[PDB]
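All remarks here apply to the structure that follows.
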Amino acid sequence: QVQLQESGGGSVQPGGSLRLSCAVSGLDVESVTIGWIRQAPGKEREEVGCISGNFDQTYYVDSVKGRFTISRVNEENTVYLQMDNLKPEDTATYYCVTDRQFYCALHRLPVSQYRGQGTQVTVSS
Amino acid sequence: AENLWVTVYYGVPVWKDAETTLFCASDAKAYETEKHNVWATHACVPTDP
């Protein structure tokens with residue numbers, strides 16, 4: 001059974017760097033896409049970005065560009081999301097999702113079969 | 001009594017020593033959490049409990 005576990009997150013002052021990790025069990029992360037989505041309080045689940053299986057290409061939504069970076073390590077089965085220059089709009093709950101599909105489309109990430117518990121990120125003052 | 005006759009039977013319990021090619025049978029385990037053991041158990045039929 002596919003299992004995803006998140007680690008990292010917490011409270012960070014405005015301006016800086018953070019690193020979240022998602023470990024996948026029951027799969028090998030070389031032929032499936034892995035997406036990172038976020039949910040803010042009071043709003044539906046938007047979507048942050050994804051890394052595909054086709055030649056290791058990455059895609060991000062227009063909101064975050066040049067600030068976020070998604071990387072994959074296959075000998076360890078891990079996916080890292082590194083965020084830099086955090087802003088007050090980023091206070092939310094982050095999940096790492098997958099769908100066992102060898103392709104990415106940045107409008108079907110919120111509706112995915114498997115999903116982890118997620119971690120929480122605050123920036124304030 | 002004084003005369004006997006030949007009679008053929010099929011399905012009699014008699015054996016001889018020979019050789020053949022046996023096949024594998026391993027525990028199922030649903031083959032889910034196995035991290036690709038070198039002695040792969042997906043290559044032969046599961047056994048009877």
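Residue numbers start at 1 in each chain; chains themselves are named A, B, ... in the order of the structure tokens; ligands are numbered from 1 in the order shown.
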
Distance filter 12 Å, only C-alpha atoms, chain B against chain A, as a PyMOL selection string: chain B and resi 30-36

Residue contacts of residue 22 in chain A (8 Å, only C-alpha atoms) excluding same-chain residues fewer than 5 positions away, as a ChimeraX atom specification: /A:4-7,78-80,96

For CA of residue 32 in chain A and CA of residue 19 in chain A, the interatomic separation in Å (one decimal): 21.8 Å

Coordinates-based distance that separates CA of residue 90 in chain A from CA of residue 62 in chain A (Å, one decimal):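 Straight-line distance from CA of residue 62 in chain A to CA of residue 90 in chain A works out to 14.2 Å.
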
Nearby residues (only C-alpha atoms) at most 12 Å from residue 29 in chain B, same-chain spacing under 4 positions excluded, as JSON, numbers by chain: {"B": [33, 34, 41, 42, 46, 47, 49]}

Limited to N, CA and C atoms, could you put the picked residues into a file as a PDB file, in the first residue's frame?
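Result file again.pdb:
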ATOM      1  N   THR B  33       5.212  -5.725   0.204  1.00  0.00           N
ATOM      2  CA  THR B  33       6.275  -4.966   0.850  1.00  0.00           C
ATOM      3  C   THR B  33       7.670  -5.484   0.523  1.00  0.00           C
ATOM      4  N   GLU B  34       7.783  -6.520  -0.302  1.00  0.00           N
ATOM      5  CA  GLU B  34       9.089  -7.070  -0.638  1.00  0.00           C
ATOM      6  C   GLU B  34       9.864  -6.094  -1.514  1.00  0.00           C
ATOM      7  N   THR B  41      10.242 -14.268  -5.450  1.00  0.00           N
ATOM      8  CA  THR B  41       9.146 -15.208  -5.263  1.00  0.00           C
ATOM      9  C   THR B  41       7.982 -14.964  -6.212  1.00  0.00           C
ATOM     10  N   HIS B  42       8.065 -13.948  -7.070  1.00  0.00           N
ATOM     11  CA  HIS B  42       7.033 -13.723  -8.071  1.00  0.00           C
ATOM     12  C   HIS B  42       7.218 -14.589  -9.309  1.00  0.00           C
ATOM     13  N   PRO B  46       2.436 -19.722  -5.970  1.00  0.00           N
ATOM     14  CA  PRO B  46       2.326 -19.839  -4.512  1.00  0.00           C
ATOM     15  C   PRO B  46       1.915 -21.243  -4.091  1.00  0.00           C
ATOM     16  N   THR B  47       2.126 -21.523  -2.808  1.00  0.00           N
ATOM     17  CA  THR B  47       1.928 -22.848  -2.243  1.00  0.00           C
ATOM     18  C   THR B  47       0.548 -22.961  -1.596  1.00  0.00           C
ATOM     19  N   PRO B  49      -1.524 -23.659   1.894  1.00  0.00           N
ATOM     20  CA  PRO B  49      -1.281 -23.546   3.344  1.00  0.00           C
ATOM     21  C   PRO B  49      -1.367 -24.867   4.092  1.00  0.00           C
TER      22      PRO B  49
END

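When the distance limit is 12 Å and only C-alpha atoms are what count, the residues near residue 72 in chain A, minus those fewer than 4 positions from it on the same chain, are residues 21, 22, 23, 24, 28, 29, 30, 31, 32, 33, 34, 35, 50, 51, 52, 53, 56, 57, 58, 76, 77, 78, 79, 80, 81 and 82 of chain A.
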
Would you write out those residues with N, CA, C and O atoms, as an mmCIF file, in the first residue's frame?
data_model
loop_
_atom_site.group_PDB
_atom_site.id
_atom_site.type_symbol
_atom_site.label_atom_id
_atom_site.label_comp_id
_atom_site.auth_asym_id
_atom_site.auth_seq_id
_atom_site.Cartn_x
_atom_site.Cartn_y
_atom_site.Cartn_z
ATOM 1 N N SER A 21 10.268 17.654 3.528
ATOM 2 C CA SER A 21 10.611 16.377 2.923
ATOM 3 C C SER A 21 9.400 15.459 2.929
ATOM 4 O O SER A 21 8.577 15.497 3.845
ATOM 5 N N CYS A 22 9.302 14.631 1.891
ATOM 6 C CA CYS A 22 8.240 13.643 1.766
ATOM 7 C C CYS A 22 8.876 12.317 1.378
ATOM 8 O O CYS A 22 9.549 12.226 0.346
ATOM 9 N N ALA A 23 8.675 11.303 2.211
ATOM 10 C CA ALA A 23 9.207 9.968 1.982
ATOM 11 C C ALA A 23 8.082 9.053 1.525
ATOM 12 O O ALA A 23 6.985 9.074 2.098
ATOM 13 N N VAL A 24 8.358 8.255 0.497
ATOM 14 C CA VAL A 24 7.362 7.410 -0.149
ATOM 15 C C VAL A 24 7.741 5.953 0.073
ATOM 16 O O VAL A 24 8.880 5.554 -0.189
ATOM 17 N N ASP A 28 8.627 3.227 -6.020
ATOM 18 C CA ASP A 28 9.925 3.780 -6.377
ATOM 19 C C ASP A 28 9.687 5.064 -7.155
ATOM 20 O O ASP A 28 9.011 5.047 -8.189
ATOM 21 N N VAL A 29 10.235 6.172 -6.667
ATOM 22 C CA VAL A 29 9.946 7.484 -7.261
ATOM 23 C C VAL A 29 10.952 7.672 -8.391
ATOM 24 O O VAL A 29 11.936 8.409 -8.298
ATOM 25 N N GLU A 30 10.680 6.993 -9.504
ATOM 26 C CA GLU A 30 11.353 7.243 -10.775
ATOM 27 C C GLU A 30 10.408 7.264 -11.962
ATOM 28 O O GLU A 30 10.759 7.850 -12.991
ATOM 29 N N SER A 31 9.228 6.648 -11.867
ATOM 30 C CA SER A 31 8.286 6.563 -12.976
ATOM 31 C C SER A 31 6.896 7.049 -12.587
ATOM 32 O O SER A 31 5.910 6.672 -13.225
ATOM 33 N N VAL A 32 6.793 7.866 -11.539
ATOM 34 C CA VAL A 32 5.536 8.485 -11.144
ATOM 35 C C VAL A 32 5.795 9.959 -10.870
ATOM 36 O O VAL A 32 6.911 10.369 -10.543
ATOM 37 N N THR A 33 4.746 10.759 -11.018
ATOM 38 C CA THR A 33 4.825 12.182 -10.725
ATOM 39 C C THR A 33 4.570 12.413 -9.244
ATOM 40 O O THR A 33 3.844 11.651 -8.602
ATOM 41 N N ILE A 34 5.186 13.457 -8.697
ATOM 42 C CA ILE A 34 5.010 13.814 -7.295
ATOM 43 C C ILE A 34 4.697 15.298 -7.218
ATOM 44 O O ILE A 34 5.467 16.124 -7.719
ATOM 45 N N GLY A 35 3.576 15.643 -6.586
ATOM 46 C CA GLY A 35 3.154 17.020 -6.513
ATOM 47 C C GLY A 35 3.100 17.502 -5.078
ATOM 48 O O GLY A 35 2.902 16.730 -4.145
ATOM 49 N N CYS A 50 4.821 20.593 -9.071
ATOM 50 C CA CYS A 50 4.988 19.161 -9.269
ATOM 51 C C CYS A 50 6.309 18.883 -9.969
ATOM 52 O O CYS A 50 6.891 19.755 -10.620
ATOM 53 N N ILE A 51 6.772 17.645 -9.816
ATOM 54 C CA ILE A 51 7.902 17.111 -10.565
ATOM 55 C C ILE A 51 7.418 15.859 -11.280
ATOM 56 O O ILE A 51 6.824 14.968 -10.656
ATOM 57 N N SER A 52 7.656 15.801 -12.585
ATOM 58 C CA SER A 52 7.150 14.721 -13.413
ATOM 59 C C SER A 52 8.170 13.596 -13.524
ATOM 60 O O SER A 52 9.274 13.660 -12.979
ATOM 61 N N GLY A 53 7.778 12.547 -14.243
ATOM 62 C CA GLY A 53 8.673 11.450 -14.537
ATOM 63 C C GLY A 53 9.334 11.518 -15.889
ATOM 64 O O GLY A 53 10.209 10.701 -16.185
ATOM 65 N N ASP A 56 12.660 14.180 -15.753
ATOM 66 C CA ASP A 56 12.823 14.923 -14.502
ATOM 67 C C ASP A 56 12.574 16.419 -14.687
ATOM 68 O O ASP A 56 13.348 17.256 -14.224
ATOM 69 N N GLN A 57 11.485 16.760 -15.368
ATOM 70 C CA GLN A 57 11.101 18.152 -15.553
ATOM 71 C C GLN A 57 10.162 18.588 -14.438
ATOM 72 O O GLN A 57 9.327 17.807 -13.975
ATOM 73 N N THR A 58 10.299 19.842 -14.013
ATOM 74 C CA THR A 58 9.530 20.382 -12.901
ATOM 75 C C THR A 58 8.664 21.540 -13.374
ATOM 76 O O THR A 58 9.047 22.293 -14.272
ATOM 77 N N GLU A 76 17.216 7.038 -2.274
ATOM 78 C CA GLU A 76 16.646 7.117 -0.940
ATOM 79 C C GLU A 76 15.123 7.167 -0.948
ATOM 80 O O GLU A 76 14.511 7.026 0.117
ATOM 81 N N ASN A 77 14.503 7.348 -2.116
ATOM 82 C CA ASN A 77 13.051 7.471 -2.249
ATOM 83 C C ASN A 77 12.530 8.656 -1.432
ATOM 84 O O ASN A 77 11.735 8.507 -0.504
ATOM 85 N N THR A 78 12.999 9.847 -1.798
ATOM 86 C CA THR A 78 12.651 11.058 -1.070
ATOM 87 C C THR A 78 12.388 12.191 -2.050
ATOM 88 O O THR A 78 12.979 12.245 -3.133
ATOM 89 N N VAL A 79 11.495 13.100 -1.661
ATOM 90 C CA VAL A 79 11.192 14.292 -2.445
ATOM 91 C C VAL A 79 11.317 15.500 -1.528
ATOM 92 O O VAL A 79 10.660 15.558 -0.482
ATOM 93 N N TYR A 80 12.144 16.462 -1.919
ATOM 94 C CA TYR A 80 12.415 17.643 -1.113
ATOM 95 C C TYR A 80 11.821 18.879 -1.773
ATOM 96 O O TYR A 80 11.954 19.072 -2.986
ATOM 97 N N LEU A 81 11.169 19.714 -0.970
ATOM 98 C CA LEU A 81 10.690 21.020 -1.406
ATOM 99 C C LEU A 81 11.445 22.078 -0.614
ATOM 100 O O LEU A 81 11.287 22.175 0.608
ATOM 101 N N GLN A 82 12.269 22.857 -1.304
ATOM 102 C CA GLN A 82 13.056 23.916 -0.689
ATOM 103 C C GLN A 82 12.430 25.256 -1.050
ATOM 104 O O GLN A 82 12.300 25.586 -2.234
#

Atom pair CA of residue 87 in chain A / CA of residue 11 in chain A: separation (Å):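 Spanning CA of residue 87 in chain A to CA of residue 11 in chain A is a straight-line distance of 12.2 Å.
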
Backbone DSSP call of strand (DSSP E or B) for chain A, listed as a PyMOL selection string: chain A and resi 3-7+10-11+17-25+34-39+45-51+58-60+68-73+78-84+92-98+114-115+119-122

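In this comparison, which uses only C-alpha atoms, the residue of A:88, A:73, A:101, A:41 approaching residue 16 in chain A most closely is A:88.
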
So which residues touch residue 45 in chain B within 7 Å, counting only C-alpha atoms, skipping near sequence neighbours fewer than 6 positions away, as a PDB file with N, CA, C and O atoms, in the first residue's frame?
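Everything below was put into selection.pdb:
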ATOM      1  N   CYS B  24       8.968 -24.713  -8.498  1.00  0.00           N
ATOM      2  CA  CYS B  24       9.024 -23.988  -7.239  1.00  0.00           C
ATOM      3  C   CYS B  24       7.628 -23.750  -6.674  1.00  0.00           C
ATOM      4  O   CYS B  24       6.617 -23.802  -7.380  1.00  0.00           O
ATOM      5  N   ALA B  25       7.590 -23.477  -5.372  1.00  0.00           N
ATOM      6  CA  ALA B  25       6.354 -23.099  -4.690  1.00  0.00           C
ATOM      7  C   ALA B  25       6.756 -22.397  -3.402  1.00  0.00           C
ATOM      8  O   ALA B  25       7.386 -23.013  -2.536  1.00  0.00           O
ATOM      9  N   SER B  26       6.400 -21.121  -3.278  1.00  0.00           N
ATOM     10  CA  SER B  26       6.804 -20.306  -2.145  1.00  0.00           C
ATOM     11  C   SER B  26       5.580 -19.678  -1.495  1.00  0.00           C
ATOM     12  O   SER B  26       4.493 -19.641  -2.075  1.00  0.00           O
TER      13      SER B  26
END

Contact residues around residue 93 in chain A with only C-alpha atoms at 6 Å, ignoring same-chain residues under 3 positions, as a PyMOL selection string: chain A and resi 38-39+119-120

Grab the residues selected above and save them as a short mmCIF file (atom, residue, chain, number, x, y, z; two decimals), in the first residue's frame with N, CA and C atoms.
data_model
loop_
_atom_site.label_atom_id
_atom_site.label_comp_id
_atom_site.auth_asym_id
_atom_site.auth_seq_id
_atom_site.Cartn_x
_atom_site.Cartn_y
_atom_site.Cartn_z
N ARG A 38 -0.96 22.94 -1.36
CA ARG A 38 -1.13 23.66 -0.11
C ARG A 38 -2.59 24.03 0.10
N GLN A 39 -2.97 24.12 1.37
CA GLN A 39 -4.31 24.53 1.77
C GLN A 39 -4.17 25.65 2.79
N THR A 119 2.14 18.73 6.64
CA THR A 119 2.81 19.51 7.67
C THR A 119 2.30 20.95 7.62
N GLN A 120 2.66 21.73 8.63
CA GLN A 120 2.08 23.05 8.83
C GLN A 120 3.21 24.08 8.85
#
